[PDB]
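First up is the structure itself, then whatever we jot down about it.
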Amino acid sequence: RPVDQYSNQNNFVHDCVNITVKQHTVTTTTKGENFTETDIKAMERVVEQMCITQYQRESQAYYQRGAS
């Protein structure tokens with residue numbers, strides 16, 4: 001089952017949330033390059049949930065532990 005997104009949870013959070021931080025910061029940089037730790041910390045909050053949401057999505061996808 002390719003839902004290892006839950007299985008590797010701790011490593012997933014570190015790695016995925018980082019790359020999603022990159023994602024969100026990138027878009028928020030191209031929005032006119034403003035962001036600022038205010039926006040960026042706020043970004044990372046949504047970002048950790050961004051990858052964690054997708055990780056919940058994986059678990060629900062197979063219904064490994066599930067997610068609802």
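Going through the structure tokens in order, the chains are called A, B, and so on, while each chain numbers its residues from 1 and the ligands are numbered from 1 in the order shown.
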
Nearby residues (only C-alpha atoms) at most 12 Å from residue 47 (chain A), same-chain spacing under 5 positions excluded, as a PDB file with N, CA, C and O atoms, in the first residue's frame:
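Contents of the output file part-v2.pdb:
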```
ATOM      1  N   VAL A  13       6.457  14.723   8.241  1.00  0.00           N
ATOM      2  CA  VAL A  13       6.189  16.058   8.764  1.00  0.00           C
ATOM      3  C   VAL A  13       7.390  16.971   8.553  1.00  0.00           C
ATOM      4  O   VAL A  13       7.251  18.077   8.053  1.00  0.00           O
ATOM      5  N   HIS A  14       8.573  16.498   8.890  1.00  0.00           N
ATOM      6  CA  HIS A  14       9.765  17.319   8.752  1.00  0.00           C
ATOM      7  C   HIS A  14      10.026  17.658   7.281  1.00  0.00           C
ATOM      8  O   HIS A  14      10.157  18.827   6.916  1.00  0.00           O
ATOM      9  N   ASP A  15      10.056  16.633   6.438  1.00  0.00           N
ATOM     10  CA  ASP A  15      10.437  16.799   5.036  1.00  0.00           C
ATOM     11  C   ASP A  15       9.350  17.503   4.226  1.00  0.00           C
ATOM     12  O   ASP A  15       9.601  18.533   3.599  1.00  0.00           O
ATOM     13  N   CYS A  16       8.149  16.947   4.257  1.00  0.00           N
ATOM     14  CA  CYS A  16       7.041  17.450   3.454  1.00  0.00           C
ATOM     15  C   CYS A  16       6.675  18.860   3.865  1.00  0.00           C
ATOM     16  O   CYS A  16       6.519  19.726   3.015  1.00  0.00           O
ATOM     17  N   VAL A  17       6.551  19.105   5.164  1.00  0.00           N
ATOM     18  CA  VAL A  17       6.184  20.434   5.628  1.00  0.00           C
ATOM     19  C   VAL A  17       7.244  21.438   5.225  1.00  0.00           C
ATOM     20  O   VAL A  17       6.929  22.569   4.889  1.00  0.00           O
ATOM     21  N   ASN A  18       8.498  21.018   5.222  1.00  0.00           N
ATOM     22  CA  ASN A  18       9.557  21.888   4.718  1.00  0.00           C
ATOM     23  C   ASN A  18       9.318  22.250   3.255  1.00  0.00           C
ATOM     24  O   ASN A  18       9.231  23.424   2.917  1.00  0.00           O
ATOM     25  N   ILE A  19       9.174  21.249   2.389  1.00  0.00           N
ATOM     26  CA  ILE A  19       8.984  21.510   0.962  1.00  0.00           C
ATOM     27  C   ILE A  19       7.706  22.296   0.696  1.00  0.00           C
ATOM     28  O   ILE A  19       7.672  23.154  -0.184  1.00  0.00           O
ATOM     29  N   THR A  20       6.658  22.020   1.453  1.00  0.00           N
ATOM     30  CA  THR A  20       5.450  22.832   1.365  1.00  0.00           C
ATOM     31  C   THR A  20       5.680  24.245   1.881  1.00  0.00           C
ATOM     32  O   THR A  20       5.063  25.191   1.389  1.00  0.00           O
ATOM     33  N   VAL A  21       6.559  24.400   2.865  1.00  0.00           N
ATOM     34  CA  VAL A  21       6.959  25.731   3.285  1.00  0.00           C
ATOM     35  C   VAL A  21       7.622  26.435   2.120  1.00  0.00           C
ATOM     36  O   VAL A  21       7.310  27.584   1.823  1.00  0.00           O
ATOM     37  N   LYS A  22       8.522  25.724   1.445  1.00  0.00           N
ATOM     38  CA  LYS A  22       9.160  26.239   0.247  1.00  0.00           C
ATOM     39  C   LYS A  22       8.096  26.654  -0.762  1.00  0.00           C
ATOM     40  O   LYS A  22       8.137  27.748  -1.305  1.00  0.00           O
ATOM     41  N   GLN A  23       7.124  25.774  -0.964  1.00  0.00           N
ATOM     42  CA  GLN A  23       6.003  26.019  -1.868  1.00  0.00           C
ATOM     43  C   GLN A  23       5.274  27.316  -1.529  1.00  0.00           C
ATOM     44  O   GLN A  23       5.173  28.224  -2.362  1.00  0.00           O
ATOM     45  N   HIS A  24       4.791  27.400  -0.301  1.00  0.00           N
ATOM     46  CA  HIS A  24       3.974  28.524   0.125  1.00  0.00           C
ATOM     47  C   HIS A  24       4.788  29.814   0.128  1.00  0.00           C
ATOM     48  O   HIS A  24       4.315  30.854  -0.331  1.00  0.00           O
ATOM     49  N   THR A  25       6.021  29.736   0.627  1.00  0.00           N
ATOM     50  CA  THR A  25       6.901  30.896   0.656  1.00  0.00           C
ATOM     51  C   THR A  25       7.220  31.360  -0.761  1.00  0.00           C
ATOM     52  O   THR A  25       7.245  32.552  -1.025  1.00  0.00           O
ATOM     53  N   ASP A  39       3.886  36.779   7.988  1.00  0.00           N
ATOM     54  CA  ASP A  39       3.178  36.044   6.969  1.00  0.00           C
ATOM     55  C   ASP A  39       3.762  34.652   6.837  1.00  0.00           C
ATOM     56  O   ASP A  39       3.034  33.699   6.675  1.00  0.00           O
ATOM     57  N   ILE A  40       5.081  34.541   6.959  1.00  0.00           N
ATOM     58  CA  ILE A  40       5.773  33.280   6.719  1.00  0.00           C
ATOM     59  C   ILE A  40       5.554  32.263   7.837  1.00  0.00           C
ATOM     60  O   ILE A  40       5.335  31.087   7.559  1.00  0.00           O
ATOM     61  N   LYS A  41       5.600  32.700   9.087  1.00  0.00           N
ATOM     62  CA  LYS A  41       5.254  31.816  10.194  1.00  0.00           C
ATOM     63  C   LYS A  41       3.811  31.402  10.037  1.00  0.00           C
ATOM     64  O   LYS A  41       3.502  30.222  10.100  1.00  0.00           O
ATOM     65  N   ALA A  42       2.948  32.368   9.747  1.00  0.00           N
ATOM     66  CA  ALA A  42       1.548  32.093   9.476  1.00  0.00           C
ATOM     67  C   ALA A  42       1.404  31.102   8.315  1.00  0.00           C
ATOM     68  O   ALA A  42       0.552  30.206   8.349  1.00  0.00           O
ATOM     69  N   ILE A  52       0.231  17.752   6.206  1.00  0.00           N
ATOM     70  CA  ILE A  52      -0.443  16.850   7.128  1.00  0.00           C
ATOM     71  C   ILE A  52      -1.850  16.523   6.630  1.00  0.00           C
ATOM     72  O   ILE A  52      -2.318  15.399   6.771  1.00  0.00           O
ATOM     73  N   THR A  53      -2.501  17.497   6.020  1.00  0.00           N
ATOM     74  CA  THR A  53      -3.764  17.256   5.331  1.00  0.00           C
ATOM     75  C   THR A  53      -3.599  16.201   4.240  1.00  0.00           C
ATOM     76  O   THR A  53      -4.398  15.271   4.138  1.00  0.00           O
ATOM     77  N   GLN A  54      -2.555  16.340   3.438  1.00  0.00           N
ATOM     78  CA  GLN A  54      -2.293  15.385   2.362  1.00  0.00           C
ATOM     79  C   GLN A  54      -1.902  14.022   2.916  1.00  0.00           C
ATOM     80  O   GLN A  54      -2.162  12.991   2.300  1.00  0.00           O
TER      81      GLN A  54
END
```

*Test item, alpha helix (DSSP H) assignment across chain A, answer as a PyMOL selection string*: chain A and resi 4-7+9-30+36-62

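Among the candidates A:37, A:67, A:46, A:58, the residue lying nearest to residue 7 (chain A) is A:58 (atoms considered: only C-alpha atoms).
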
*Choose the residue, out of A:68, A:4, A:28, A:34, that has the smallest atom-to-atom separation from residue 55 (chain A); count only C-alpha atoms.*
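The answer is A:4, which sits nearest to residue 55 (chain A).
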
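Reported to one decimal place, the separation of CA of residue 66 (chain A) from CA of residue 10 (chain A) is 17.2 Å.
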
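Nearest-residue note for residue 56 (chain A): choosing from A:26, A:6, A:11, A:31, the minimum distance belongs to A:6, counting only C-alpha atoms.
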
*asked:* Ranking A:30, A:51, A:61, A:36 by minimum distance to residue 9 (chain A) and counting only C-alpha atoms, which one comes first?
replied: A:51

_Under the rule that only C-alpha atoms are counted, which of A:38, A:49, A:27, A:5 is the nearest residue to residue 64 (chain A)?_
A:5

_Between CA of residue 1 (chain A) and CA of residue 50 (chain A), distance in Å (one decimal)_ = 21.9 Å

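If only C-alpha atoms are the atoms counted, then among A:65, A:60, A:35, A:48 the closest residue to residue 12 (chain A) is A:48.
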